[PDB]
Amino acid sequence: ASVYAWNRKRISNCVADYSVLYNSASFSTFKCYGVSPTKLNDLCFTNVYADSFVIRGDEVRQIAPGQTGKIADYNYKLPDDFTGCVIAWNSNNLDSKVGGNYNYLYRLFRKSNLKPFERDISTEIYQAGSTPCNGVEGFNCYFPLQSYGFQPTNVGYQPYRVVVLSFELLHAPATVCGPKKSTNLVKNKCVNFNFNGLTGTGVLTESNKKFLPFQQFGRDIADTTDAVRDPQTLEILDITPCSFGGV
Amino acid sequence: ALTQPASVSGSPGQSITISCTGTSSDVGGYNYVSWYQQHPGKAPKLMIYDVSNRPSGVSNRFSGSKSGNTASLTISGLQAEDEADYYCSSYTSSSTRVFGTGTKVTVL
Amino acid sequence: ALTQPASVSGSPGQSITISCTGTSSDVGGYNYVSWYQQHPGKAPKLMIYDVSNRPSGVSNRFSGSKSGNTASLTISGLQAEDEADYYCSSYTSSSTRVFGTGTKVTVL
Amino acid sequence: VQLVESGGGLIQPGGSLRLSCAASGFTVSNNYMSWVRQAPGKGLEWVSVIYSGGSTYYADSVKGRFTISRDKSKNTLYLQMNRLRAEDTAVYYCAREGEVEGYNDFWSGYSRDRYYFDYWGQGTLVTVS
Amino acid sequence: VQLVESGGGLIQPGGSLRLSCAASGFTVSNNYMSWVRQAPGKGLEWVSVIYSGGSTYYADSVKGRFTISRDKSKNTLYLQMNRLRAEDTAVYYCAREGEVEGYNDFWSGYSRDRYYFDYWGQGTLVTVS
Amino acid sequence: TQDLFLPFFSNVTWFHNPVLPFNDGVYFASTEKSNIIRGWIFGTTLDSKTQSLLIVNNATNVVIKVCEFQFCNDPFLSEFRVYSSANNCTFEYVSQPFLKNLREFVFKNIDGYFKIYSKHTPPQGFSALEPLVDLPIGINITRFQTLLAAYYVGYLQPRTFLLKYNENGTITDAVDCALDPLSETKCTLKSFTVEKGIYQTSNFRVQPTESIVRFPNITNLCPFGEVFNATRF
Ligand SMILES: *[C@@H]1O[C@H](CO)[C@@H](O)[C@H](O)[C@H]1NC(C)=O
Ligand SMILES: *[C@@H]1O[C@H](CO)[C@@H](O)[C@H](O)[C@H]1NC(C)=O
Ligand SMILES: *[C@@H]1O[C@H](CO)[C@@H](O)[C@H](O)[C@H]1NC(C)=O
Ligand SMILES: *[C@@H]1O[C@H](CO)[C@@H](O)[C@H](O)[C@H]1NC(C)=O
């Protein structure tokens, strides 16, 4: 999809294998913000998006938190607390064509600004001078879009397919995880558990705390877990720390 | 419409001015007066635009201006190649564009 | 070895399928079935590889597939240039490569 | 930037003629496209202009008879001429307007206006008789 | 990428012949190199293949008679043919295999396999008589 | 916690249906006995130009669709009239059926995720609302309308609360923190009973009324054309 109408399909309820993406070499830029591209296989996200688009000409590096320009301010703006990865690679041999695939729009001018992670397909005529023009491209009223131009003659101006994976790992019970083979759970022993990304060490016991059908884990006064609803059985286990003390 | 002198003439070395009188709607009101040069059998060529500016890649002797409803193309240092007709294209005043009658320059 | 029909024929516009039956070792076991096009007096040209994919720079009408021990080259929209023989080269099954007998296509 | 034209020739009054202007190196939607004719041995008369999108603007001498169009897929500019007359005998040029930020005078930014004419087509003869 | 061959010609049965395939734009060690022959007006028969290093693999019709070699310094591919027979009359092609990550597939990274044939040589006539 | 709650003792608009604003969330409760209430409609303009949520309780299964519907002037659902000519929509959903029987519902749109809470109880008193669904719709909703005869509509507001979780893990009580001076004390001390004393809860601060700018009125434009657009650098 063109950058002014970037696609996005929310990925969930599946096993995410970021190994098949991290080791591939065709990707030109693989930059991750808030996460490391080598530790994506051991994490569990509540929802992972995939914003795919094509950005040729300049602004190949404007897809990043805290950047300005004609693309990052009028087409696709990322937040400042962005958590995810930004993958890019020039697709000159798929999105070029023998003549010109003038098929990608980029939305010049827009109005005054654009909020993060917002999209707008409205093609209403933009007026920079006087107001009178209503849906008519007049003297000082331009059609807002303006298409892209693709040809080898233009490296710093050839299309770069971009896929912006945006992970949100605090919004819900973790539904998309990495390729980690589950093991049997053992109770009454100090173990280093891993409940879909919830890493930690402790001794798991049976509990009497009657979880409600929607609650998935209990929490302490601090940001430490007290009880967990174990997957694959929906059982409520208590996490007590295995004994310690001075000597 | 735009009225132009049907022809002007001069000798190499000096300067020549070219007039184009019109209404106060496009030339007198707006500021997008342009000038072109068309040799016989060739397509015209952008000589002046923005009615002050000149496109790069063009001899710097060319110069333009507009005083009210009248436009001016002040060519300086005429050479032998300058022999061609010149059309003054102002702004359009709501998308009905206009052109001058043409000034065929003759170099001595 | 790989067996192919000695010749196939068709009219421009429609599609033609081309078969290549082999054992379960290379075609049925492995997934590196390829296809080539060789004009008389020219060296062959890679038409299909990976037995699903197609090399860039090639007409998109070409298409391939394999169902078990049988490979398939499904050319669509035959033109006049398509007249040539086509060889199906599967994987080798431990480095003793194989080729088909060849299918000389004739366009009406 | 290239602009090639075709479609003109001998035609009788009252008939129909459709002109073509294939543009390589740019699009019929990137910058304004305009048609301009020149009578044999005469001045230049602006025929019509289509903006980057949604404009069918013509001249009072050709309103209701000519319609300007384009094909984004083929990147060609078209000009239908219906009900031709003897005074339409001229060579027709398709002129691309000024691209946004022409020659980039680093003072003004991206305001499309830049109303002038960039490189032209070759021109095709239209003789109505 | 270029592949030029030389060395073929008229020869008697039982003799010896060494073929050459000079490769410019790539190496005999970057990607797998393979020899393939075509009998006059007949199909294609894979002769042999040498991997990027340490492989002498041949066909059952040429085992013990042909040996494939290369010279890294001159960047040439060689094929010794000893004890030639009348059924070896064919034009011989040296075929470079698929470079790693050919056509830039982004799903499978750098796994060399990519078993197919890239651009070929011109071919040289070998007539055993 | 600081979340969008219904401020305590707020004016709820008892309706007896026209379109209603869904500015940042909407409370909804209605006591019926024969399911005269039959669903909802959510959207921005409802004129097929944009997507719009729509919930209709079919006989046994709920239906949640986000399609560019064309709603009638008075859409109703026992004959349905609005659910026609829906084109190229990106969400469908089916689940268990919803609904002297007071049925409460809370509708919140948080970062494109449509959150629905509910609690059906047999309106003085208190009852915690357990969550039902979390719909990833990602659409803009500004107004809403119920699909039909007596329901209430309260609007949520971003006002922090002090939720009292019971020994069984259920919310038993709550203190609307910004309701009255006494309740703000209950957030400072983090308790539901405060002892006799004088507690400093917050700080009074007169807010500014006007923003005045006093720049020099020298109207000369700086020669940034003489340092950028110069001929000889
Ligand atoms: C309700 O759900 C869909 C939406 O109209 C419909 O197809 C289905 O048949 C209905 N269920 C019933 C009538 O039980
Ligand atoms: C069809 O539906 C898709 C998905 O909502 C939308 O992007 C597209 O604009 C619709 N129309 C067409 C013609 O594809
Ligand atoms: C918790 O629930 C049990 C049964 O589910 C009940 O007996 C007990 O009274 C509850 N605790 C309360 C209400 O504090
Ligand atoms: C600002 O306005 C006052 C009031 O007329 C005037 O006296 C003064 O000269 C102005 N400032 C300048 C820099 O001219």
# chains A, B, ... in the order shown; residues from 1 in each chain; ligands from 1
>>> closest_atom_pairs(of="chain E", to="chain A", cutoff="12 Å", atoms="only C-alpha atoms", output="CSV")
residue,atom,partner,partner_atom,distance
E:100,CA,A:25,CA,10.7
E:101,CA,A:26,CA,8.3
E:102,CA,A:26,CA,10.2
E:103,CA,A:93,CA,9.5
E:104,CA,A:26,CA,5.9
E:105,CA,A:26,CA,7.3
E:106,CA,A:24,CA,5.6
E:107,CA,A:20,CA,6.0
E:108,CA,A:24,CA,6.6
E:109,CA,A:24,CA,4.4
E:110,CA,A:24,CA,7.4
E:111,CA,A:24,CA,10.1
>>> residues_near_ligand(ligand="ligand 1", cutoff="9 Å", atoms="only C-alpha atoms and all ligand atoms", output="ChimeraX atom specification")
/F:56-64,83,94
>>> write_last_selection(atoms="C-alpha atoms", output="PDB file, in the first residue's frame")
ATOM      1  CA  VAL F  56     -27.842  -6.743  17.341  1.00  0.00           C
ATOM      2  CA  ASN F  57     -28.783  -9.513  19.771  1.00  0.00           C
ATOM      3  CA  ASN F  58     -30.002 -12.220  17.413  1.00  0.00           C
ATOM      4  CA  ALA F  59     -32.236 -14.922  18.893  1.00  0.00           C
ATOM      5  CA  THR F  60     -29.383 -17.005  20.326  1.00  0.00           C
ATOM      6  CA  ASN F  61     -26.093 -15.403  19.197  1.00  0.00           C
ATOM      7  CA  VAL F  62     -24.856 -11.822  19.392  1.00  0.00           C
ATOM      8  CA  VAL F  63     -23.674 -10.100  16.214  1.00  0.00           C
ATOM      9  CA  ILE F  64     -20.899  -7.489  16.144  1.00  0.00           C
ATOM     10  CA  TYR F  83     -28.548  -4.105   7.973  1.00  0.00           C
ATOM     11  CA  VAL F  94     -20.225 -14.004  17.166  1.00  0.00           C
TER      12      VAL F  94
END
>>> residues_near_ligand(ligand="ligand 3", cutoff="7 Å", atoms="only C-alpha atoms and all ligand atoms", output="list in words")
residues 166, 167 and 168 of chain F
>>> write_last_selection(atoms="N, CA, C and O atoms", output="PDB file, in the first residue's frame")
ATOM      1  N   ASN F 166     -12.449  -6.855  47.399  1.00  0.00           N
ATOM      2  CA  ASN F 166     -12.819  -7.699  48.523  1.00  0.00           C
ATOM      3  C   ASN F 166     -11.761  -8.778  48.753  1.00  0.00           C
ATOM      4  O   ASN F 166     -10.821  -8.947  47.971  1.00  0.00           O
ATOM      5  N   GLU F 167     -11.926  -9.518  49.851  1.00  0.00           N
ATOM      6  CA  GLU F 167     -11.038 -10.638  50.134  1.00  0.00           C
ATOM      7  C   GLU F 167     -11.145 -11.734  49.084  1.00  0.00           C
ATOM      8  O   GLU F 167     -10.252 -12.583  48.997  1.00  0.00           O
ATOM      9  N   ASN F 168     -12.213 -11.735  48.289  1.00  0.00           N
ATOM     10  CA  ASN F 168     -12.392 -12.687  47.204  1.00  0.00           C
ATOM     11  C   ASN F 168     -11.952 -12.126  45.859  1.00  0.00           C
ATOM     12  O   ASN F 168     -12.079 -12.813  44.841  1.00  0.00           O
TER      13      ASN F 168
END
>>> residues_near_ligand(ligand="ligand 2", cutoff="9 Å", atoms="only C-alpha atoms and all ligand atoms", output="ChimeraX atom specification")
/A:7 /F:67,87-90
>>> closest_atom_pairs(of="chain F", to="ligand 4", cutoff="7 Å", atoms="only C-alpha atoms and all ligand atoms", output="JSON lines")
{"residue": "F:216", "atom": "CA", "partner": "ligand 4", "partner_atom_place_in_ligand_line": "13 (C)", "distance": 6.4}
{"residue": "F:217", "atom": "CA", "partner": "ligand 4", "partner_atom_place_in_ligand_line": "11 (N)", "distance": 4.8}
{"residue": "F:218", "atom": "CA", "partner": "ligand 4", "partner_atom_place_in_ligand_line": "13 (C)", "distance": 4.0}
>>> write_last_selection(atoms="C-alpha atoms", output="PDB file, in the first residue's frame")
ATOM      1  CA  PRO F 216       8.732  44.758  19.974  1.00  0.00           C
ATOM      2  CA  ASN F 217       6.687  46.259  17.160  1.00  0.00           C
ATOM      3  CA  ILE F 218       9.610  46.885  14.800  1.00  0.00           C
TER       4      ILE F 218
END
>>> calpha_fit_and_write(fixed="chain C", moving="chain B", output="compact mmCIF listing (two decimals) with N, CA and C atoms, in the first residue's frame")
# COMPACT_ATOMS: atom_id res chain seq x y z
N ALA B 1 15.87 -41.57 -14.06
CA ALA B 1 15.82 -40.47 -15.02
C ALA B 1 14.45 -39.79 -15.00
N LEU B 2 14.28 -38.78 -15.85
CA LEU B 2 13.05 -38.01 -15.93
C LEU B 2 12.44 -38.17 -17.32
N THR B 3 11.17 -38.57 -17.36
CA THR B 3 10.45 -38.77 -18.61
C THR B 3 9.58 -37.56 -18.91
N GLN B 4 9.60 -37.13 -20.17
CA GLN B 4 8.82 -36.00 -20.64
C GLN B 4 8.12 -36.37 -21.94
N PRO B 5 7.00 -35.72 -22.24
CA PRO B 5 6.39 -35.89 -23.57
C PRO B 5 7.31 -35.31 -24.64
N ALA B 6 7.50 -36.08 -25.72
CA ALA B 6 8.45 -35.68 -26.75
C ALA B 6 8.06 -34.38 -27.43
N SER B 7 6.77 -34.02 -27.42
CA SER B 7 6.32 -32.78 -28.03
C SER B 7 4.92 -32.46 -27.55
N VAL B 8 4.62 -31.16 -27.49
CA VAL B 8 3.27 -30.67 -27.22
C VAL B 8 2.97 -29.55 -28.21
N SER B 9 1.69 -29.22 -28.33
CA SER B 9 1.26 -28.24 -29.32
C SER B 9 0.05 -27.49 -28.80
N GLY B 10 -0.11 -26.26 -29.29
CA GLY B 10 -1.26 -25.45 -28.92
C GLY B 10 -1.33 -24.22 -29.79
N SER B 11 -2.43 -23.50 -29.64
CA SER B 11 -2.69 -22.26 -30.35
C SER B 11 -2.40 -21.06 -29.45
N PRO B 12 -2.07 -19.91 -30.03
CA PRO B 12 -1.82 -18.72 -29.21
C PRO B 12 -3.06 -18.32 -28.42
N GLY B 13 -2.83 -17.85 -27.20
CA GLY B 13 -3.91 -17.35 -26.37
C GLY B 13 -4.28 -18.23 -25.19
N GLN B 14 -4.27 -19.55 -25.39
CA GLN B 14 -4.69 -20.48 -24.35
C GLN B 14 -3.49 -20.90 -23.50
N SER B 15 -3.65 -21.97 -22.73
CA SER B 15 -2.62 -22.49 -21.85
C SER B 15 -2.25 -23.91 -22.26
N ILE B 16 -1.05 -24.33 -21.85
CA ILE B 16 -0.58 -25.70 -22.05
C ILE B 16 0.10 -26.16 -20.77
N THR B 17 -0.14 -27.41 -20.40
CA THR B 17 0.57 -28.05 -19.30
C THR B 17 1.61 -29.02 -19.84
N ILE B 18 2.70 -29.18 -19.09
CA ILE B 18 3.79 -30.06 -19.46
C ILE B 18 4.14 -30.92 -18.26
N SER B 19 4.13 -32.24 -18.44
CA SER B 19 4.34 -33.18 -17.36
C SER B 19 5.78 -33.69 -17.34
N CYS B 20 6.20 -34.16 -16.16
CA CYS B 20 7.51 -34.79 -15.99
C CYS B 20 7.42 -35.72 -14.79
N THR B 21 7.30 -37.02 -15.05
CA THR B 21 7.20 -38.02 -14.01
C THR B 21 8.58 -38.56 -13.66
N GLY B 22 8.83 -38.77 -12.37
CA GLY B 22 10.10 -39.30 -11.91
C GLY B 22 9.85 -40.12 -10.64
N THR B 23 10.93 -40.45 -9.94
CA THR B 23 10.84 -41.26 -8.74
C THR B 23 10.49 -40.38 -7.54
N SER B 24 10.38 -41.01 -6.37
CA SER B 24 10.13 -40.31 -5.12
C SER B 24 11.41 -39.84 -4.44
N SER B 25 12.57 -40.04 -5.08
CA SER B 25 13.83 -39.64 -4.47
C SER B 25 14.09 -38.15 -4.66
N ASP B 26 13.99 -37.66 -5.90
CA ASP B 26 14.36 -36.28 -6.22
C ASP B 26 13.14 -35.37 -6.35
N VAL B 27 12.19 -35.72 -7.22
CA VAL B 27 11.01 -34.88 -7.38
C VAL B 27 10.04 -35.10 -6.22
N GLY B 28 9.74 -36.36 -5.89
CA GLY B 28 8.80 -36.63 -4.82
C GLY B 28 9.36 -36.40 -3.44
N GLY B 29 10.68 -36.49 -3.29
CA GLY B 29 11.30 -36.30 -1.99
C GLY B 29 11.76 -34.88 -1.76
N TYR B 30 12.46 -34.31 -2.74
CA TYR B 30 13.05 -32.99 -2.62
C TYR B 30 12.19 -31.97 -3.38
N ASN B 31 12.58 -30.69 -3.26
CA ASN B 31 11.73 -29.59 -3.70
C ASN B 31 12.48 -28.58 -4.57
N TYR B 32 13.49 -29.03 -5.31
CA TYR B 32 14.32 -28.13 -6.10
C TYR B 32 14.17 -28.37 -7.60
N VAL B 33 12.95 -28.73 -7.99
CA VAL B 33 12.58 -28.99 -9.42
C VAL B 33 12.73 -27.69 -10.21
N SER B 34 13.44 -27.72 -11.35
CA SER B 34 13.59 -26.51 -12.14
C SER B 34 13.13 -26.77 -13.57
N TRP B 35 13.01 -25.69 -14.34
CA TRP B 35 12.59 -25.75 -15.74
C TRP B 35 13.43 -24.79 -16.56
N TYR B 36 13.70 -25.16 -17.81
CA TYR B 36 14.55 -24.37 -18.69
C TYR B 36 13.95 -24.29 -20.08
N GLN B 37 14.39 -23.28 -20.83
CA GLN B 37 13.97 -23.07 -22.22
C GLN B 37 15.20 -22.88 -23.09
N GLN B 38 15.31 -23.68 -24.14
CA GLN B 38 16.47 -23.65 -25.03
C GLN B 38 16.01 -23.52 -26.47
N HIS B 39 16.31 -22.36 -27.10
CA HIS B 39 16.05 -22.17 -28.51
C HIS B 39 17.15 -22.83 -29.34
N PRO B 40 16.83 -23.29 -30.55
CA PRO B 40 17.85 -23.95 -31.38
C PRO B 40 19.03 -23.03 -31.63
N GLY B 41 20.22 -23.50 -31.25
CA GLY B 41 21.43 -22.72 -31.38
C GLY B 41 21.75 -21.81 -30.22
N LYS B 42 20.88 -21.72 -29.21
CA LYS B 42 21.12 -20.90 -28.03
C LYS B 42 21.29 -21.81 -26.81
N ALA B 43 21.96 -21.29 -25.79
CA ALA B 43 22.08 -21.98 -24.52
C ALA B 43 20.77 -21.90 -23.75
N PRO B 44 20.44 -22.92 -22.96
CA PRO B 44 19.17 -22.90 -22.21
C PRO B 44 19.07 -21.70 -21.28
N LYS B 45 17.85 -21.45 -20.83
CA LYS B 45 17.54 -20.31 -19.99
C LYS B 45 16.68 -20.76 -18.82
N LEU B 46 17.02 -20.32 -17.62
CA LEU B 46 16.27 -20.71 -16.43
C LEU B 46 14.85 -20.15 -16.50
N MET B 47 13.87 -21.05 -16.56
CA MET B 47 12.47 -20.65 -16.60
C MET B 47 11.79 -20.75 -15.24
N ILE B 48 11.91 -21.90 -14.59
CA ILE B 48 11.30 -22.07 -13.25
C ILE B 48 12.37 -22.67 -12.34
N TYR B 49 12.40 -22.28 -11.06
CA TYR B 49 13.24 -22.86 -10.03
C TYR B 49 12.48 -22.76 -8.72
N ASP B 50 12.80 -23.70 -7.81
CA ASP B 50 12.20 -23.91 -6.46
C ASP B 50 10.82 -24.58 -6.61
N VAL B 51 10.46 -24.94 -7.85
CA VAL B 51 9.21 -25.68 -8.22
C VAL B 51 7.94 -24.98 -7.70
N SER B 52 7.91 -23.65 -7.77
CA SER B 52 6.77 -22.79 -7.34
C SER B 52 7.10 -21.36 -7.79
N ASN B 53 8.31 -20.94 -7.42
CA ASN B 53 8.92 -19.63 -7.78
C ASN B 53 9.27 -19.51 -9.27
N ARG B 54 9.48 -18.27 -9.73
CA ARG B 54 9.90 -17.92 -11.08
C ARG B 54 10.96 -16.83 -11.01
N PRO B 55 12.06 -16.95 -11.76
CA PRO B 55 13.09 -15.91 -11.74
C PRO B 55 12.57 -14.60 -12.32
N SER B 56 12.93 -13.50 -11.67
CA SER B 56 12.56 -12.18 -12.16
C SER B 56 13.17 -11.92 -13.53
N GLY B 57 12.54 -11.01 -14.27
CA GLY B 57 12.92 -10.77 -15.65
C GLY B 57 12.33 -11.73 -16.65
N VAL B 58 11.36 -12.54 -16.24
CA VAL B 58 10.72 -13.54 -17.08
C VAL B 58 9.23 -13.25 -17.13
N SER B 59 8.62 -13.47 -18.29
CA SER B 59 7.18 -13.32 -18.44
C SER B 59 6.44 -14.06 -17.34
N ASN B 60 5.47 -13.38 -16.74
CA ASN B 60 4.74 -13.93 -15.60
C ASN B 60 3.74 -15.01 -15.99
N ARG B 61 3.56 -15.26 -17.29
CA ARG B 61 2.67 -16.33 -17.72
C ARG B 61 3.23 -17.70 -17.34
N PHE B 62 4.55 -17.84 -17.30
CA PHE B 62 5.16 -19.11 -16.92
C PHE B 62 4.80 -19.45 -15.48
N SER B 63 4.51 -20.72 -15.24
CA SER B 63 4.15 -21.18 -13.91
C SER B 63 4.45 -22.67 -13.82
N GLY B 64 4.83 -23.10 -12.62
CA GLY B 64 5.20 -24.48 -12.40
C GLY B 64 4.62 -25.01 -11.10
N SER B 65 4.56 -26.33 -11.01
CA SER B 65 4.07 -27.02 -9.83
C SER B 65 4.47 -28.48 -9.92
N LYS B 66 4.36 -29.18 -8.80
CA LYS B 66 4.65 -30.60 -8.75
C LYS B 66 3.70 -31.29 -7.79
N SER B 67 3.05 -32.35 -8.25
CA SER B 67 2.12 -33.14 -7.45
C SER B 67 2.75 -34.51 -7.23
N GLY B 68 3.40 -34.68 -6.08
CA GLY B 68 4.05 -35.94 -5.80
C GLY B 68 5.25 -36.15 -6.70
N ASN B 69 5.30 -37.32 -7.34
CA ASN B 69 6.42 -37.69 -8.20
C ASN B 69 6.34 -37.08 -9.59
N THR B 70 5.36 -36.22 -9.85
CA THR B 70 5.16 -35.63 -11.17
C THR B 70 5.32 -34.12 -11.09
N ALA B 71 6.13 -33.56 -11.98
CA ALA B 71 6.31 -32.12 -12.10
C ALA B 71 5.45 -31.58 -13.23
N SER B 72 5.16 -30.28 -13.17
CA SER B 72 4.26 -29.64 -14.12
C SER B 72 4.75 -28.24 -14.45
N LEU B 73 4.82 -27.93 -15.74
CA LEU B 73 5.10 -26.58 -16.23
C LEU B 73 3.87 -26.10 -16.99
N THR B 74 3.12 -25.19 -16.37
CA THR B 74 1.85 -24.71 -16.92
C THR B 74 2.10 -23.35 -17.57
N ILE B 75 2.47 -23.37 -18.85
CA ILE B 75 2.61 -22.13 -19.61
C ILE B 75 1.23 -21.61 -19.98
N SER B 76 1.05 -20.30 -19.89
CA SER B 76 -0.21 -19.66 -20.23
C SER B 76 0.02 -18.60 -21.29
N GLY B 77 -1.01 -18.36 -22.10
CA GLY B 77 -0.94 -17.37 -23.16
C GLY B 77 0.25 -17.54 -24.08
N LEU B 78 0.25 -18.63 -24.86
CA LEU B 78 1.36 -18.89 -25.77
C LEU B 78 1.49 -17.79 -26.82
N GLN B 79 2.71 -17.33 -27.03
CA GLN B 79 3.05 -16.43 -28.12
C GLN B 79 3.93 -17.16 -29.13
N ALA B 80 4.38 -16.41 -30.15
CA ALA B 80 5.20 -17.00 -31.20
C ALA B 80 6.61 -17.30 -30.72
N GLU B 81 7.12 -16.54 -29.75
CA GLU B 81 8.49 -16.75 -29.30
C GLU B 81 8.63 -18.01 -28.45
N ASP B 82 7.53 -18.51 -27.88
CA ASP B 82 7.61 -19.66 -26.98
C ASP B 82 8.10 -20.93 -27.65
N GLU B 83 8.25 -20.94 -28.98
CA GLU B 83 8.65 -22.16 -29.69
C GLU B 83 10.08 -22.52 -29.32
N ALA B 84 10.23 -23.56 -28.50
CA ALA B 84 11.52 -24.07 -28.04
C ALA B 84 11.25 -25.33 -27.22
N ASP B 85 12.32 -26.04 -26.90
CA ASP B 85 12.22 -27.23 -26.07
C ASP B 85 12.41 -26.86 -24.61
N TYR B 86 11.73 -27.59 -23.74
CA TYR B 86 11.74 -27.31 -22.31
C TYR B 86 12.19 -28.55 -21.55
N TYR B 87 13.20 -28.38 -20.71
CA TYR B 87 13.77 -29.47 -19.92
C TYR B 87 13.44 -29.25 -18.45
N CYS B 88 12.98 -30.31 -17.79
CA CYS B 88 12.69 -30.29 -16.37
C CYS B 88 13.87 -30.90 -15.62
N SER B 89 14.56 -30.08 -14.83
CA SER B 89 15.70 -30.52 -14.04
C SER B 89 15.31 -30.49 -12.57
N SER B 90 15.09 -31.66 -11.99
CA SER B 90 14.77 -31.77 -10.58
C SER B 90 16.04 -31.66 -9.75
N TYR B 91 15.90 -31.84 -8.44
CA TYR B 91 17.08 -32.00 -7.62
C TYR B 91 17.77 -33.32 -7.97
N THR B 92 18.94 -33.52 -7.38
CA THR B 92 19.86 -34.56 -7.81
C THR B 92 19.79 -35.84 -6.98
N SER B 93 19.36 -35.77 -5.72
CA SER B 93 19.37 -36.93 -4.82
C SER B 93 20.80 -37.47 -4.66
N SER B 94 21.61 -36.67 -3.96
CA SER B 94 23.02 -36.97 -3.65
C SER B 94 23.94 -36.80 -4.86
N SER B 95 23.78 -35.68 -5.56
CA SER B 95 24.77 -35.09 -6.46
C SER B 95 24.95 -35.88 -7.76
N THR B 96 23.93 -36.60 -8.20
CA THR B 96 23.89 -37.18 -9.55
C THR B 96 22.69 -36.57 -10.27
N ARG B 97 22.90 -35.38 -10.84
CA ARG B 97 21.79 -34.60 -11.36
C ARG B 97 21.14 -35.29 -12.56
N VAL B 98 19.90 -34.89 -12.84
CA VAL B 98 19.08 -35.50 -13.88
C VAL B 98 18.35 -34.42 -14.66
N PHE B 99 17.96 -34.77 -15.88
CA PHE B 99 17.20 -33.89 -16.76
C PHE B 99 16.12 -34.69 -17.47
N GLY B 100 15.07 -34.00 -17.89
CA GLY B 100 14.02 -34.63 -18.65
C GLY B 100 14.40 -34.86 -20.10
N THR B 101 13.57 -35.63 -20.80
CA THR B 101 13.84 -35.94 -22.20
C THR B 101 13.60 -34.75 -23.12
N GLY B 102 12.85 -33.75 -22.67
CA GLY B 102 12.62 -32.57 -23.48
C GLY B 102 11.25 -32.54 -24.13
N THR B 103 10.61 -31.37 -24.12
CA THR B 103 9.29 -31.18 -24.71
C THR B 103 9.36 -30.03 -25.70
N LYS B 104 9.41 -30.35 -26.99
CA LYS B 104 9.45 -29.33 -28.04
C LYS B 104 8.03 -28.83 -28.28
N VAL B 105 7.77 -27.59 -27.89
CA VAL B 105 6.45 -26.99 -28.04
C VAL B 105 6.34 -26.40 -29.44
N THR B 106 5.16 -26.53 -30.05
CA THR B 106 4.89 -25.99 -31.38
C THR B 106 3.63 -25.13 -31.30
N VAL B 107 3.79 -23.84 -31.59
CA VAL B 107 2.68 -22.89 -31.53
C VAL B 107 2.01 -22.81 -32.89
N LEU B 108 0.68 -22.86 -32.90
CA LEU B 108 -0.08 -22.76 -34.14
C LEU B 108 -0.15 -21.32 -34.64
>>> residues_around(residues="residue 15 in chain D", least_positions_apart="6", cutoff="8 Å", atoms="only C-alpha atoms", output="number ranges by chain")
D: 82-84
>>> residues_around(residues="residue 119 in chain A", least_positions_apart="5", cutoff="12 Å", atoms="only C-alpha atoms", output="list in words")
residues 2, 3, 4, 5, 6, 7, 8, 51, 72, 73, 74, 75, 76, 77, 78, 106, 107, 110 and 114 of chain A; 138, 139 and 140 of chain F
>>> select_by_dssp(residues="range 1-58 of chain A", states="alpha helix (DSSP H)", output="MDAnalysis selection string")
chainID A and resid 19:22
